[PDB]
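Participant: sequence first, structure after; it's an experimental one.
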Amino acid sequence: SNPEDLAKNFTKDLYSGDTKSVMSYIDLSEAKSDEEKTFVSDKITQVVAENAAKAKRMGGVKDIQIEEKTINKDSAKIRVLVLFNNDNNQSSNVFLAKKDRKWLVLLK
Ligand SMILES: [Cl-]
């Protein structure tokens with residue numbers, strides 16, 4: 001409901017192996033055909049499988065933190081840092097937008 005917390009929960013779910021959870025965060029407005037939606041879903045299915053295998057390899061996620069942020073009333077770019085229990089960390093940007101009364105992650 002605030003974009004910082006949506007960025008962090010999205011990221012938690014991205015490393016959790018649960019594709020339906022991850023999908024619920026995503027704005028599918030760019031994908032303007034059923035076949036495009038499927039394509040996006042198939043890629044998210046794959047990303048979720050891969051991040052779950054990787055979290056396991058790295059001893060699981062230790063913490064999730066926000067490093068840089070740029071937020072206004074309807075858009076957000078948020079660098080989310082994932083810290084793993086093997087002491088390695090990884091970061092990347094989550095882009096979000098509030099089109100109606102709901103923040104959603106944008107497909108970059
Ligand atoms: Cl790796």
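Facilitator: Thanks, I have it. Numbering: from 1, shown residues only.
Participant: and the closest residue to residue 104 other than its chain neighbours, how close does it get to residue 56?
Facilitator: Spatial nearest neighbour of residue 104, excluding adjacent residues (C-beta to C-beta, 6 or more residues apart in numbering): residue 27 at 4.1 Å. Using the backbone N, CA and C atoms, a C-beta is placed for each residue, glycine as well. For residue 27, the distance to residue 56 equals 29 Å [C-beta to C-beta, to the nearest Å].
Participant: then residue 17?
Facilitator: Taken as C-beta to C-beta, the span from residue 17 to residue 56 is 9 Å.
Participant: ok, now residue 107?
Facilitator: Relative to residue 56, and taking C-beta to C-beta, residue 107 is found at 26 Å.
Participant: which one's more surrounded, these two?
Facilitator: Higher neighbour count among residue 107 and residue 56: residue 107, with 14 against 11, using other C-beta atoms under 10 Å.
Participant: you'd agree the more buried one is up against residue 26?
Facilitator: Yes - between residue 107 and residue 26 there is a contact under C-beta atoms under 8 Å: 6.5 Å.
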